[PDB]
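Counting with the deposited numbering, you get residues 7 to 22, 27 to 219 for the letters of the sequence shown. No residue lacks a Cβ here, since even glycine has one placed at the ideal position from N, Cα and C. Step one of this worksheet: look at the structure below.
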Amino acid sequence: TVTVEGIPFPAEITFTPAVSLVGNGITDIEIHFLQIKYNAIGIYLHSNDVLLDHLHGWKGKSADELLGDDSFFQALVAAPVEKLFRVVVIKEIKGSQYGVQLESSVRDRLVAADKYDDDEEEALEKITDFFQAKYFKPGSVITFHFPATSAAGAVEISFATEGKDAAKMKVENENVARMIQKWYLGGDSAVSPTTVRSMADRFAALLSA
Numbered sequence: 007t008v009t010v011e012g013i014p015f016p017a018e019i020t021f022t027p028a029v030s031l032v033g034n035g036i037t038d039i040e041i042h043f044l045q046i047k048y049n050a051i052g053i054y055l056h057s058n059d060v061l062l063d064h065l066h067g068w069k070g071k072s073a074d075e076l077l078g079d080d081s082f083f084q085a086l087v088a089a090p091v092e093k094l095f096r097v098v099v100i101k102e103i104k105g106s107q108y109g110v111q112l113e114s115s116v117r118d119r120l121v122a123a124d125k126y127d128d129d130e131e132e133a134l135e136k137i138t139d140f141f142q143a144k145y146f147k148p149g150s151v152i153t154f155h156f157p158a159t160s161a162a163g164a165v166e167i168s169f170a171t172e173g174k175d176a177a178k179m180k181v182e183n184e185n186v187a188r189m190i191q192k193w194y195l196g197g198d199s200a201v202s203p204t205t206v207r208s209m210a211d212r213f214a215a216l217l218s219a
């Protein structure tokens, strides 16, 4: 177990497999010299040899070298491995506020690669409508499940607030999926650089022995 801002995070989220925690951090912002800690993020990954193969070209590098190498994080996004994003809400916000932030971030990454048409638009609409109904209480846990291959499942976006049961939603438009993946696992472009620095120190270890 590992605590982030007093929020416990499991070392391994099995029963999903064997995804292991590789990065920890928070989503924050500074408005008028004041830190606003929104979320607590934990990135889980399955440590198969497929990962150590797709990341072998970065073996022996340092955390400061992986951090400046935005291609290492793109190769990490493009790994065919079960992934899990565990975002725990810290500050009470409307679920729509996180929805318009997920849309605008993914839409911009979609327009950059020209991969924005109508198939991506509806898959983005199904996500915004999913979050605008729920309200983020300090304890709610959004969960992104990225299976290893497109054969097994698709992409499961789970919600877990205290009281009600786990509200889940499936998306299969892989364009929006691997842009949400870039939103959390990107280099200098990710939403939580604190989570990125944690992956750098972790991967720099495995990718050294």
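Helix, strand or coil for residue i, going by three-state DSSP, please let me know.
i, result
"residue 37", "coil"
"residue 99", "strand"
"residue 92", "coil"
"residue 14", "strand"
Assuming residue i and residue j are in contact, meaning their beta carbons sit under 8 Å apart, how far apart are those beta carbons, in whole angstroms?
i, j, result
"residue 168", "residue 176", "6 Å"
"residue 217", "residue 65", "6 Å"
"residue 49", "residue 99", "6 Å"
"residue 213", "residue 32", "7 Å"
Here's the rule I'm using: 16 or more other beta-carbon atoms within 10 Å means buried, otherwise exposed. How should residue i be labelled?
i, result
"residue 102", "exposed"
"residue 210", "buried"
"residue 162", "exposed"
"residue 42", "exposed"
"residue 153", "buried"
"residue 112", "buried"
"residue 86", "buried"
"residue 21", "exposed"
"residue 197", "buried"
"residue 26", "Looking at the chain, the numbering goes 22 and then 27, which leaves residue 26 without any coordinates in this model."
"residue 69", "exposed"
"residue 123", "exposed"
"residue 130", "buried"
What does DSSP give as the partner residues of residue i in its beta bridges?
i, result
"residue 31", "54"
"residue 9", "14"
"residue 45", "40"
"residue 104", "145"
May I have a chain-ordered list of the beta strand (DSSP E) segments no shorter than 3 residues that lie completely inside the stretch 109–161?
-> 151–156
Enumerate, from N- to C-terminal direction, the unbroken beta strand (DSSP E) stretches of 3 or more residues contained entirely within the stretch 149–218.
-> 151–156, 166–170 and 177–180
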